[PDB]
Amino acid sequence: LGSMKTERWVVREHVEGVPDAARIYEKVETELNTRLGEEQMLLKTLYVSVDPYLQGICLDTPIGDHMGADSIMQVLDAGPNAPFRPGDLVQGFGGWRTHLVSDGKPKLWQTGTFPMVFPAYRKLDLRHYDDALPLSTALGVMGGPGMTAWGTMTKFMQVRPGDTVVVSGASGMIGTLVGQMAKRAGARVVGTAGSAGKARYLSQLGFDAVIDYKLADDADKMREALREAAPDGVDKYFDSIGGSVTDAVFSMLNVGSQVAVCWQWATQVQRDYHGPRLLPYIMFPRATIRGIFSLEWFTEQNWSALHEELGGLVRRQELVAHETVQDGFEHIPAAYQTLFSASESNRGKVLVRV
């Protein structure tokens, strides 16, 4: 009847808007019972992801509980019917915890806005990873974010040569992957970034035009920047921002256009709940708008196609998937903070190697 010392980051306090990592999260020591049920496993956390969607996960986490997050774990011990053996690497929602016990089965997010179901843990096979595509990429381009970009661009958006594609929130991993895929499919690609460096970075990834969303702060100034960046209209919009940039894009939708709603940062994070009605603007364009919830694509078939298609382009150097690996379980909230407010210096997926 043993037990082990583990550390955990827990939700101290609920604060909406831009969260203040130093204030919401407290690092505690915790005794973990190492006694396993017949198909439970004891796991060690090797990497964790920090993502903006955690802001609204946290505001749904009971005070005192650990911060959920996507992670890479190694099995230390396992009961006789556990899905994985000791040594196996898994990707799943381990959280900001050094170690944990779980059977890796799918689990409801009880206190979520929706009845969301966190996926079963995914076995990672080392043959898929090398120095060009390290194991850590199971939290980025070979993970949720990659699956979001690749799934949208191959199961919904049909970018054609000549199209103008708008990507809001382009500086992040998903945005840059969508842009680079769109460019490969032959499109003019316009993005929004948040400073001259980031906008230059997107220009080095192949974006044809980059608009500063800090300068163009309202839909009118934003309408101006789009009309200059996209003079023939918008065929495809990959939206992570919402708000007044999305209001702007909807005024200039072309016929048969397609909008993918991946996130609404300006609503979720900036509490912008009311705005110009958008549906009156989509009838003549005959525009199709599809909500994106990439969990529906987490199948073994899609993960292989991901590693074939997307892993290939990354390895042949036809496609840049950049990540930023902060070291140290104790710097997890400092890494998370650098997503909001400190996006300067931040390229791609931010991970923490523990």
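Numbers follow the displayed sequence, beginning with 1. Whichever C-alpha set is largest while still superposing within 1.5 Å between the two forms counts as the rigid core.
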Do the Cα atoms of 147-155 stray more than those of 216-224 in 4 other deposited structures of this protein, or is it the other way round, with the core held fixed?
216-224
Core-fitted comparison in 4 other deposited structures of this protein, 17-25 vs 337-345, farther C-alphas:
337-345
Select between 58-66 and 39-47 the stretch whose C-alpha atoms have the higher average B-factor in the entry.
58-66
Residue stretch of maximal mean CA temperature factor, 339-347 vs 326-334:
339-347
Using the temperature factors in the entry, find which of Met73, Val249, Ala216, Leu139 has the highest value at its Cα atom.
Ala216
Peak C-alpha temperature factor (PDB record), options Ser240, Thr113, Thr148, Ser257
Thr113
Chain thirds by Cα B factor, record data; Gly186 belongs to the lowest
In terms of its chain's C-alpha B-factors, the third that includes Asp272 is the highest
Position of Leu310 among the chain's modelled residues by C-alpha B-factor, lowest, middle or highest third
middle
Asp103: CA temperature factor from the record, placed by chain third, in the middle
Check where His128 lands among this chain's C-alpha B-factors and tell me if it's the lowest, middle or highest third.
middle
